[PDB]
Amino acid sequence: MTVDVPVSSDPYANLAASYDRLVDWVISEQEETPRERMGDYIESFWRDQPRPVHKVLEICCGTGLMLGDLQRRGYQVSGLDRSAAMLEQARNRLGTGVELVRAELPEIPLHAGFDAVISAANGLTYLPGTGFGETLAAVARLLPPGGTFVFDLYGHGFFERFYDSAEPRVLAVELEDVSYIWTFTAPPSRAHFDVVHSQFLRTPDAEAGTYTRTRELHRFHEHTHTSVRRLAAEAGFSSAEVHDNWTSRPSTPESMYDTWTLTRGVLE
């Protein structure tokens, strides 16, 4: 339909069952960092901090790809996501002993503290500026002095790559049992950035060649370096560094993904 696709309460509800396979493709062809290398970066940062990390929360934990990596390294992990469908996959991966809470950021209905909080593979880009700042504030209240918060965002280069003309760009891939078509549009103001995620899955109990299309609107926000630094300071983080895509290289106007390392200050 040429008419606009509305924003659903859970844009991942139809994707959760095929998400892990799609991640494999984004890692191969769209520079997304493997969760093992994200974990290596996170652990290296933690090892530079004076307080040891044991309890870890991931917000926007999705199907648990990042949490599963940390579980295998020996951490006591917990997850939060707004999508029941994603969390069902995470439950299968992590087992029944891991706490997984369904909540929509900036709400974090957890009272006990964590030694560290993370968010991998760009979930925080779904938050508008106001809710992003409130999420940083909520994460700060879970951390002790010196505790860390490590997350990624789409970098400036992502927005310039996929929103560079009045005419929308289209990206597609055909995988074994699913075809995806992504159409990227943004308002003239560029206040947010939309992707229509069209997914074609074979229709069960139907003649060969039959597919069911579902469409979901994924609405992204660019959080600039200057805004992230301001909101981190407001939330009570005494330092905030950014690097290019889970490496030690500087973040630049070309970066496709930015990786933020925040340290909680000493004022409660």
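One-based numbering along the sequence shown.
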Looking only at C-alpha temperature factors in the entry, 163-171 or 81-89, the higher average sits in 163-171
For the higher mean C-alpha B factor in the entry, choose 114-122 or 183-191.
183-191
Split the chain's modelled residues into thirds by Cα B-factor; is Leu217 in the lowest, middle or highest one?
middle
Cα B factor band for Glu134 (lowest, middle or highest third within the chain):
middle
Is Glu104 in the lowest, middle or highest third of its chain when residues are ranked by C-alpha B-factor?
middle
Against its chain's modelled residues, does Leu94's Cα B factor rank lowest, middle or highest third?
lowest
Grab the CA temperature factor for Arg73 from the record and place it in the lowest, middle or highest third of its chain.
middle
